[PDB]
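Here is the structure we will look at.
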Amino acid sequence: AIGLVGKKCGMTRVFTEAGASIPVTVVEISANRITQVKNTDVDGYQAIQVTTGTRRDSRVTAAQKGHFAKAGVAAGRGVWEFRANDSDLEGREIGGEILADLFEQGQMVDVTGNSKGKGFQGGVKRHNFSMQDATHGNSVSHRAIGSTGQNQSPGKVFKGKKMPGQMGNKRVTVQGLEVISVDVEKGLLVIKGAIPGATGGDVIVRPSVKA
Amino acid sequence: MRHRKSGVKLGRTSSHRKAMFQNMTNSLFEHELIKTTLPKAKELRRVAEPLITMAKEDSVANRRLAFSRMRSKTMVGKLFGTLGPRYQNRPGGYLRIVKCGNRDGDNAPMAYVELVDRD
Amino acid sequence: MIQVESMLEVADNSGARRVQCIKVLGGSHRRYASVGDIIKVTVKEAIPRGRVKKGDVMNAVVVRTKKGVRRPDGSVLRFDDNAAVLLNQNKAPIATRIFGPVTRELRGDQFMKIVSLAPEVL
Amino acid sequence: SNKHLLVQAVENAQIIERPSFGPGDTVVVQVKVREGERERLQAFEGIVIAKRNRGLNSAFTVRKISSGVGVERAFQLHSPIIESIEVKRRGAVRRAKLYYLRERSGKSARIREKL
Amino acid sequence: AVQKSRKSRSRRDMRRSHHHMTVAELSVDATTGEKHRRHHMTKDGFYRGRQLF
RNA sequence: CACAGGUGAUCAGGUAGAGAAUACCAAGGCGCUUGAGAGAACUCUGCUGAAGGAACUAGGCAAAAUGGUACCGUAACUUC
RNA sequence: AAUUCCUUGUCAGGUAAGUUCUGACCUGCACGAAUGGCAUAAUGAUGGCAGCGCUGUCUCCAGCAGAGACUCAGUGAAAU
RNA sequence: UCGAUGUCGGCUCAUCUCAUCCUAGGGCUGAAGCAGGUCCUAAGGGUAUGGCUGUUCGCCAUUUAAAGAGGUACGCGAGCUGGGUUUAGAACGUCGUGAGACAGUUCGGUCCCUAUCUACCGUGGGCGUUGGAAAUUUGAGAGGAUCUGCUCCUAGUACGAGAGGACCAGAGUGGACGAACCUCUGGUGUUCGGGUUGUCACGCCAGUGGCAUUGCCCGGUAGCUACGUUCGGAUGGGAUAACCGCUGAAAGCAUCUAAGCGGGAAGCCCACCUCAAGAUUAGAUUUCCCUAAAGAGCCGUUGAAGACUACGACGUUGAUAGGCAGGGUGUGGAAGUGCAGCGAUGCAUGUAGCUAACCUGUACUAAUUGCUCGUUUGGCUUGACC
């Protein structure tokens, strides 16, 4: 259940011989360098910590530089953890490499990403509220929230009431996407589907939990 | 949202903003140093520098393009007679912006726009 | 995309010339019918002394739309009209002649005579 | 070209060769058809009214009047369903999209030939 | 639409606990030795060892 | 109130235009005494909108639409 | 029925479906002849009903432009 | 409650109950099958669109798995409407001599409030978390989500006189709902490209610009976006409801129960997704640093991040932004010149010219090793080790 961190490069299509277009997105996959192995004895849980990408030394702090030098890996742009188990931690030792061959063609994966940020949005866009009458005497409440509760009883707005607020720029997982192709030498993962975020954003690809 | 969008609004209509930046480009080509608002100074590069790039090569069509976008015949003559030659071998960056504090009347952040290589 | 209160041309010889969608069938809040979808219609203008009379309520299948139909390669195929073919009480065609083209979305079992009678199948 | 270099590497391996054509000309497209268990080609002939040039995402929409009713198909250029394209007659047009031809029928829907 | 009681001076001042004047960053110009706003030219036209007038 | 209101008469340039309508200009006069940014929700005022086309609604409210000149042609009914 | 309570009377027409509308019946709660009766061309920013065209009215909202809202600087209210 | 608690209906947005409408599990049946009926369990989800009428309702049309019954100031007007009712005008019928009146009708008829507090949706600042710091995290807990049709197959089998027609297993494909996304199909695309009307200007021609809604019109990049694309709603685990038991006494029998052992639902608790140590019980791990350090911030260049913030990137040991260069895309054939033509115009030079936000590069301009904050080994007690 360990995965890998990549970069969304954008979407294209893959044509099949039968003449079907498959919408795909391409994930750039620099090698995921193992910076730490966590275990039941020392940490209480089993996980693999990896770094990917690159960071310049002026932007790597002394604490992080010591943490990377302990593993013997070059500092990446970020550090990510993957919940593992005894079978997952089999041959994964500190300083090792995770390449795109962790995934095979045709296999289901889950992709987690940071959604595209819409900023402050009203109920109509954020919660699919119905608009109110464009005409017919409606005064100034075309995109208004409408009623927010009841009368004297309960005399409050309930928690979790759908309202305006920030929308997007959140962690989103799309489940059950298919791996279309894998290229370790090119560092390239082609996945059927949409994959949260904008191109350039960090994405996490993990073997699917539904399967 | 404004994801990836370029350009400015500056509380004007589109035609007013086009006219104002044409005026500002002419004033900068004339005096070589102008004090302006800092957002205006940053947006002025995007309209003034391409004119220098185009005046790098002198032709009737290019002088007419400069005149269509500048509408100043003295400034078109100057742009093709002194500024094109001066910046002939400079890969962009013909303006430099120097921040110079805040305006008295409304506290607007201010900057100086200078033609590089004497101004 | 056909919805209730949409006029469709009639693409067969059943005597109706224009029908109006009064129901999109197959779902409790179903909004649109594309090609191959069964709708309830009223016939709004028919030819004199035809099989079908004006004001009749019956079944139809949409056979071409202006919105278009998508293909697996990503292409869209659009038509200049919205056109249906009238159906029996058992959703079988009551046509002996089909007018205009139809698409290969009618391939199957219950619209095979529509396909075989159409002058051309896209 | 407008894309990430990895998107370009995935896209360039799928380019198919095809003759050049402009909006305005009559073309015949040979379209692969699965009739069930059999593969045949069906010809779609008509006027190219619009193109979009997007590398592997290139598309062109062809219009014909077939048995009275107008049919447009927006073919994807590099889809294998496009078995072949032949340009039958080249047109002389003043624009890239001939959408005005959707409101033209007969004598007023005819494109001048390019010689 | 309006308060049912006047606000106490204590709560009025807790709401002002975030009011604060902005303090500018300053530097010394290498050539003239003069104090200036950081990344801004001096009052007499010097910025990063370069004249403007 | 240095207030988008009200306040009689007179003079009446150009090009289009029937025109004192309208558009753009002349002479003449102004930019309407807070600005600068940003470019969220929401409000107002606009522009465009796939497919459908009154299914909206108390009600086609609002919008959309029509719109000029010449010629042809024009029904019921009528006090002609 | 600008009049009818019962009442969405009945029957016909229009719609897929019509408490409204149109035609008719007469059982007129409770019409009726200058507090005029019944019609009536023309006219009406008059009431009801129905169509064509047209549409963001709606399915179902999207994008965009400007003015606010938001941030900064100056000024600086209100009801309670 | 009359020193004012705004009516009915609609719209928007809800929230709870179960006396359950569908879906789920059951007993009985005048349960052959298919369909039902009745009752028990069950509130997880779901639970139409129109015609008429101000309606709520109701009738009707057409659907649907179903079109639930209710509470919430007959939920919701400091959220919207204002058709009915309930001011002032007017008329009819009726009553009254009359002024007038009518849970009779008819046509018409101003809906205010910039939100202090609680609540709620988002987003920050402070301090704390037994020295400080950069990260990575466990999960006490919280939220989201929970729907369902049809086809095929088993099988025209079981069942049935026929007509008809399965359970239980399996495969597929939809509706409604939700999320992400923009490759495709389209929308928009007022700093992209053209065409064109009127007028004014650039001395004039030519070429261009201003203004007329972006003057109008035809296209259209990026971004945004749905009607487009992809994905999701688990067939699993545990404990159960009704119900069904096994063995078994009290009560020599019988008996699901008293001891003991089973089965069993869309329900419960997990599992999935998101949040989560202010979980003051403030947790863990790895590194770094302590006579101003490790770091953090200010500032600057900024970003598919964003109201301000915050968050992300970068600051010359540099591609952070702009420019520039090369591409791509869009428009569709620039100007000048020449040729044909009386001319409007056509043709060539040449798919030319121009091209926003796109892709890849590149120090040309702007990102100044400046300043501030943040120290100096981190109390005491006990225990094990040493």
Side-chain angles (χ1 to χ4, degrees), chain A residues 11-13 21 23 36 42-45 49 61-64 66-67 70 79 81 116-117 119-122 130-141 143-148 150-153 156-158 161 163-166 169 171-176 193-194 196 198 209-210, chain B residues 1-7 9 13-14 18 37 39 45 49 60-61 64 67-68 71 90-93 95-97 105-108, chain C residues 1 3-6 22-23 26-31 40 42 57 66-67 70 74 76, chain D residues 1-3 57 95-97, chain E residues 1-4 7 18 25 27 38-39 48:
Chain A
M11 284 197 66
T12 175
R13 80 223 290 193
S21 213
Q36 200 171 348
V42 191
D43 283 86
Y45 73 104
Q49 201 195 67
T61 71
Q64 272 327 98
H67 172 75
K70 210 245 208 171
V79 169
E81 217 203 59
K116 278 166 139 187
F120 202 125
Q121 299 293 337
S130 308
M131 278 171 81
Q132 292 168 47
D133 221 320
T135 59
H136 286 289
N138 183 295
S139 294
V140 278
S141 92
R143 293 175 89 83
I145 275 144
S147 184
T148 53
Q150 287 86 41
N151 214 317
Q152 157 153 212
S153 108
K156 43 162 190 177
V157 178
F158 285 118
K161 166 97 191 62
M163 297 192 112
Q166 169 70 29
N169 199 28
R171 181 223 178 63
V172 181
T173 303
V174 179
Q175 291 175 303
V209 98
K210 302 306 234 167
Chain B
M1 291 146 284
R2 62 145 292 280
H3 292 183
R4 317 274 272 171
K5 298 187 173 183
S6 239
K9 278 156 200 316
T13 57
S14 152
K18 181 189 148 164
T37 271
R45 305 166 300 169
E49 304 211 24
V60 163
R64 274 163 188 214
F67 186 71
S68 77
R71 293 311 289 193
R90 185 176 281 278
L95 325 187
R96 85 160 33 92
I97 296 161
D106 59 313
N107 201 55
Chain C
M1 304 187 5
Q3 53 177 271
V4 183
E5 276 99 5
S6 303
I22 67 180
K23 192 55 89 214
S28 107
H29 222 290
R30 175 149 194 189
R31 279 184 279 268
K40 209 77 191 209
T42 176
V57 182
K66 290 176 71 28
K67 181 71 194 202
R70 295 301 292 288
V76 70
Chain D
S1 278
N2 295 107
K3 307 284 226 222
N57 302 304
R95 64 199 61 245
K97 320 261 167 283
Chain E
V2 78
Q3 71 190 8
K4 277 197 93 67
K7 190 173 292 288
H18 292 291
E25 297 311 313
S27 306
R38 184 106 175 130
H39 289 99
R48 290 237 272 154

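Chain A is the first sequence line, chain B the second, and so forth, proteins listed ahead of strands; every chain is numbered from 1. We use all heavy atoms of the structure for the numbers below, so side chains are in, but hydrogens, waters and symmetry mates are not.
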Discussion item. For a quick check of understanding: with a heavy-atom distance under 4.0 Å over all strands, which category does B:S68 fall into, base, sugar-phosphate or nothing?
Written reply: sugar-phosphate
Worksheet, complete the sentence: Atom CD of B:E49 and atom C1' of H:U191 are separated, to the nearest Å, by 16 Å
Worksheet item: Between A:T135 and E:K4, which is nearer to the 5' end of RNA chain G once each is assigned its nearest nucleotide?
Response: A:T135
Item to complete: For A:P164, answer base if it contacts any base atom (sugar-phosphate contacts may also be present), sugar-phosphate if it contacts only those atoms, and nothing otherwise; contact means non-hydrogen atoms under 4.0 Å.
Response: base
Worksheet item: Taking the side chain as C-beta and beyond, is there a heavy-atom pair between A:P23 and A:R13 under 4.5 Å?
Response: no
Discussion item. With a cut-off of less than 4.0 Å, is there a side-chain N or O of A:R143 near OP1 or OP2 of F:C42?
Written reply: yes
Practice prompt. Please determine if a side-chain N or O atom of D:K3 lies less than 4.0 Å away from the OP1 or OP2 oxygen of H:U329.
Written response: no
Worksheet item: For H:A133, does either OP1 or OP2 sit under 4.0 Å from a side-chain N or O belonging to A:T61?
Response: no
Worksheet item: So is H:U197 sitting in a Watson-Crick or G-U wobble pair with H:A212, both distances under 3.5 Å?
Response: yes
Fill in: Side chain B:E49, main chain B:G92, donor-acceptor under 3.5 Å
no
Worksheet item: 5'-most contact on RNA chain G: B:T13 or C:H29, nearest heavy atom basis?
Response: C:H29
Worksheet item: Looking at C:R30, does any N or O in its side chain come under 4.0 Å of the phosphate oxygens OP1/OP2 on H:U62?
Response: no
Discussion item. Roughly how many Å apart are H:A206 and H:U345, using the P atom of each and rounding to a whole number?
Written reply: 11 Å
Worksheet item: If you take atom types as modelled and just measure distance, does the side chain of C:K67 reach the base of F:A50 with a donor-acceptor pair under 3.5 Å?
Response: yes
Worksheet item: Mind checking whether F:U57 and F:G31 form a Watson-Crick or G-U wobble pair, both distances under 3.5 Å?
Response: no
Discussion item. Could you check whether H:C57 pairs with H:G178 (Watson-Crick or G-U wobble, each of the two distances under 3.5 Å)?
Written reply: no
Worksheet entry | Canonical Watson-Crick or G-U pair H:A226-H:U185, 3.5 Å limit on both distances | yes
Discussion item. By the 4.0 Å heavy-atom rule, please label C:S28 as base, sugar-phosphate, or nothing.
Written reply: base
Practice prompt. Check every strand shown and say whether A:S21 touches a base, only sugar-phosphate, or nothing at a heavy-atom separation below 4.0 Å.
Written response: nothing
Worksheet item: From the list H:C121, H:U12, H:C231, which nucleotide is the closest neighbour of the side chain of A:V174?
Response: H:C231
Worksheet entry | Listed nucleotide nearest any side-chain atom of A:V209, set H:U62, H:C272, H:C218 | H:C272
Worksheet item: Which part of the nucleic acid, if any, lies within reach of A:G66 when heavy atoms closer than 4.0 Å are counted: base, sugar-phosphate only, or nothing?
Response: sugar-phosphate
Worksheet item: For H:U331, does either OP1 or OP2 sit under 4.0 Å from a side-chain N or O belonging to D:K97?
Response: yes
Practice prompt. Check every strand shown and say whether B:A108 touches a base, only sugar-phosphate, or nothing at a heavy-atom separation below 4.0 Å.
Written response: sugar-phosphate
Worksheet item: Quick one: is C:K40 getting a side-chain N or O under 4.0 Å of the H:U63 phosphate, OP1 or OP2?
Response: yes
Worksheet entry | Phosphate OP1/OP2 of H:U81 contacted by A:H136 side-chain N/O (<4.0 Å) | no
Fill in: For H:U199, glycosidic torsion class - syn if within 90° of 0, otherwise anti
anti
Worksheet item: What is the 5' to 3' range of RNA chain G, first to last nucleotide, that sits under 4.0 Å from any heavy atom of chain C?
Response: G:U15 to G:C60
Worksheet item: C:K67 and C:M1: which non-hydrogen atoms are nearest, and at how many Å?
Response: CB-N, 3.5 Å
Worksheet item: Contact class for A:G44 (heavy atom, under 4.0 Å): base, sugar-phosphate, or nothing?
Response: nothing
Item to complete: Identify whether H:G68 and H:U85 are a Watson-Crick or G-U wobble pair (both distances under 3.5 Å).
Response: no
Discussion item. Is there a base pair between H:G295 and H:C373, Watson-Crick or G-U wobble, given that both distances have to be under 3.5 Å?
Written reply: yes
Fill in: Interatomic distance where CD belongs to A:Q36 and P belongs to H:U286 [whole Å]
7 Å
Discussion item. Regarding A:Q121, tell me which of base, sugar-phosphate or nothing describes its non-hydrogen contacts under 4.0 Å with the strands shown.
Written reply: sugar-phosphate
Item to complete: Report which part of the nucleic acid B:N107 touches: base, sugar-phosphate, or nothing (heavy-atom distance under 4.0 Å, all strands).
Response: sugar-phosphate
Response to the item:
If positive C1'-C2'-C3'-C4' means north (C3'-endo side) and negative means south (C2'-endo side), then H:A292 is south
Discussion item. With a 4.0 Å limit, can you tell me whether A:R13 has a side-chain N or O closer than that to the phosphate oxygens OP1/OP2 of H:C182?
Written reply: no
Worksheet item: What's the closest nucleotide to the A:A194 side chain, out of H:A180, H:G300, F:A55?
Response: H:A180
Worksheet item: Are any of C:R70's side-chain N or O atoms less than 4.0 Å away from OP1 or OP2 of H:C184?
Response: no
Discussion item. Under 4.0 Å, heavy atoms only, any strand: does D:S1 hit a base, just the sugar-phosphate, or nothing?
Written reply: base
Discussion item. I want to verify the glycosidic state of H:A363; is it syn or anti under the 90° rule?
Written reply: syn
Discussion item. Work out how far the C1' atom of H:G79 is from that of H:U329, and round it to whole angstrom.
Written reply: 47 Å
Worksheet item: Mind telling me whether H:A99 is syn or anti, cutoff 90° either side of 0?
Response: anti
Worksheet item: Side-chain donor or acceptor of A:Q150 under 3.5 Å from a matching atom on the base of H:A14?
Response: yes
Discussion item. With a 4.0 Å cutoff (strictly under), does any side-chain N or O of C:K23 reach OP1 or OP2 of H:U49?
Written reply: no
Worksheet item: H:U229 P sits how many Å from D:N57 CG, rounded?
Response: 15 Å
Practice prompt. Could I get the full list of salt bridge (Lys or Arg N to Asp or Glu O under 4.0 Å) partners for B:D106, not counting sequence neighbours?
Written response: B:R103
Practice prompt. Could you tell me whether H:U23 and H:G44 make a Watson-Crick or G-U wobble pair, using a cut-off of under 3.5 Å for both distances?
Written response: yes
Worksheet item: Which nucleotide in the list H:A134, H:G323, H:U81 gets nearest to the side chain of A:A63?
Response: H:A134
Discussion item. Taking only side-chain N and O atoms of A:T173, does any of them lie within less than 4.0 angstrom of OP1 or OP2 on H:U274?
Written reply: yes
Worksheet item: Closer than 4.0 Å, any side-chain N/O of B:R64 to the OP1 or OP2 of H:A335?
Response: no
Worksheet entry | Which residues share a salt bridge (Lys or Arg N to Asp or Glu O under 4.0 Å) with C:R30, sequence neighbours left out | C:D37
Worksheet item: If you check the A:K210 side chain, which of H:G323, H:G233, H:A294 turns out closest?
Response: H:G233
Fill in: Closest to the B:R2 side chain, choosing from H:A134, H:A356, H:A305
H:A305
